[PDB]
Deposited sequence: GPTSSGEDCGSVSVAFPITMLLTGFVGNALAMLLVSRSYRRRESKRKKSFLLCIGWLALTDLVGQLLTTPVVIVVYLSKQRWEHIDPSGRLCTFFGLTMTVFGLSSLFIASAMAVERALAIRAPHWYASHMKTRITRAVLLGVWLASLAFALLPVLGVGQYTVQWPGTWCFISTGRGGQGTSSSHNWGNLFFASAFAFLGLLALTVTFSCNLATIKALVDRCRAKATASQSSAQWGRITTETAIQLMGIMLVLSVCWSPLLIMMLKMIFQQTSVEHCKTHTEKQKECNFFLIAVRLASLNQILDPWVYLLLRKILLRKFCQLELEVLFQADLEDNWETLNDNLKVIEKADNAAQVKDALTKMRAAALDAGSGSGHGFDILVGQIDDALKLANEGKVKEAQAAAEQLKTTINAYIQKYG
């Protein structure tokens, strides 16, 4: 019972709150560019997901059974839905930003003059409503949310329960595929411009390349074990699945740092 400890949810709630609050504080001070707008609501998305989820886990620990706390399973269905909504939201808000950076450097002339904040609100609103619509399936009969080991959290049941558990996994793999494909394309598109002009111009490219590669590293470390393990169960088992959902939750903790806060700490054929 090494993983059964309230020290993890309490630590994850405090670090997630502080990181996401500092991010929302800086964006309110600076503006409202669209990149600042998308990061501000991404930090707000991750924080709400942590406040709606973690306090329930702490109560179950300090009380010592989910069944006697939740008769009829009213709270468990809400818990599993909130896990699915905010999990997919972070995955696809990041995928949207990957397409933004790809189309920005591909055409800085048209992007710097035709990008509007009304498009940013449309993409943020579309991801929210689409992810909520998918999480409503177990309430509508397609899928089921059940209590997971060790009785302190609810998630998608893995054994049309197997179809719904498979639709979530491929959606996550899709979000990582779009994010990794656009970032690698942006890195190559950025280095080619640096090699055509050839310390200011080359310094920005390497700093931006580290930014894109770091995003891929966090996502692949945090989300891969959970998505892969779900696929293995559809087609120690209780123990490793708890570590995986905690690693997936870590991605929403590291989000404000990989996008905004680390840049601020390090901020501040000679022009070359």
Deposited residues without C-alpha coordinates, grouped into stretches that follow sequence order = 1-8, 41-47, 80, 176-187, 227-232, 270-284, 318-329, 331-415
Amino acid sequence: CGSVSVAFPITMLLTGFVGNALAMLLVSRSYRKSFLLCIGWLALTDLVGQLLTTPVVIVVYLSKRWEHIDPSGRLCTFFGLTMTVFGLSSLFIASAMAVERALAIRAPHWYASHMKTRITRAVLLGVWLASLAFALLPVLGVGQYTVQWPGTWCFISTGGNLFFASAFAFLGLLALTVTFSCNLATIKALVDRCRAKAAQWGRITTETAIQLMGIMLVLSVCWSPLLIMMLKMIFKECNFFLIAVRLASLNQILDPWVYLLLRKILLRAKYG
From here on, numbers count along this sequence of modelled residues.
task = Could you check which stretch, 137-145 or 177-185, carries the larger mean CA temperature factor in the entry?
result = 137-145
note = Mean B factor on CA atoms, stretches 102-110 and 168-176, record says higher is 102-110
note = Residue set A96, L132, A198, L91, per-entry CA B-factor max assigned to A198
key: Residue with highest C-alpha B-factor in the PDB entry, from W223, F241, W41, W66   = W66
inquiry  = Ranking the modelled residues of this chain by C-alpha B-factor as given in the entry, is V56 in the lowest, middle or highest third?
reply    = middle
task = Looking at the entry's B-factor column for C-alpha atoms only, identify whether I204 ranks in the lowest, middle or highest third of its chain.
result = highest
message = Could you place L190 in the lowest, middle or highest third of its chain by Cα temperature factor, using the values in the record?
response = highest
inquiry  = By the recorded C-alpha temperature factor, relative to the other modelled residues in its chain, which third is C1 in?
reply    = highest
note = Here the Cα B-factor of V85, set against its chain, lands in the third termed middle
